[PDB]
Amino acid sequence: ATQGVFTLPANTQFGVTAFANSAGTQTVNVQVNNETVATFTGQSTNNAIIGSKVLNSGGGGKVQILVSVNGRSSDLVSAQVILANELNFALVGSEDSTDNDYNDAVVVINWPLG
């Protein structure tokens, strides 16, 4: 299945934060309605935050996360969870190798803000 794609409400501010847990340098591309709006690049094996930004979901509300390491696309896993019918988390794990921890880059998208 396609993973790492989420529908947000239109024209909504959201947070995106990426963590790294891999010997590989992670490149996380964030697209809003099919256009790159942020790229986070970093390396950590201890969950360092490699990027955190506030963005807007735009007219179409489409947010997509892609992850690569040295030009190779990582395999993604994702889900969205909603608490109290209002607090939203869109969650991405990614795997750059064979141990299948899916923590090599982790991305958390949260809304609403404010």
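The numbering used is simple: start at 1 and walk along the sequence shown.
- [ ] Would you determine, from the values in the PDB entry, which of 69 to 77 and 52 to 60 has the greater average C-alpha temperature factor?
- [x] Comparing 52 to 60 with 69 to 77, the higher average CA B-factor belongs to 69 to 77.
Open item on the list: When the Cα temperature factors in the entry are averaged, is it 78 to 86 or 33 to 41 that ends up higher?
Closed with: The stretch with the larger average C-alpha B-factor is 33 to 41.
TODO: From the list 97, 17, 94, 13, select the residue with the highest C-alpha B factor recorded in the entry.
DONE: Out of 97, 17, 94, 13, the record gives the largest C-alpha B-factor to 97.
Task: Among modelled residues of the same chain, the CA temperature factor third for residue 113 - done: Its C-alpha B-factor belongs to the highest third of this chain's values.
Open item on the list: Ranking every modelled residue in this chain by its Cα temperature factor as given in the entry, which third contains residue 2?
Closed with: Answer is highest: the recorded C-alpha B-factor places it there.
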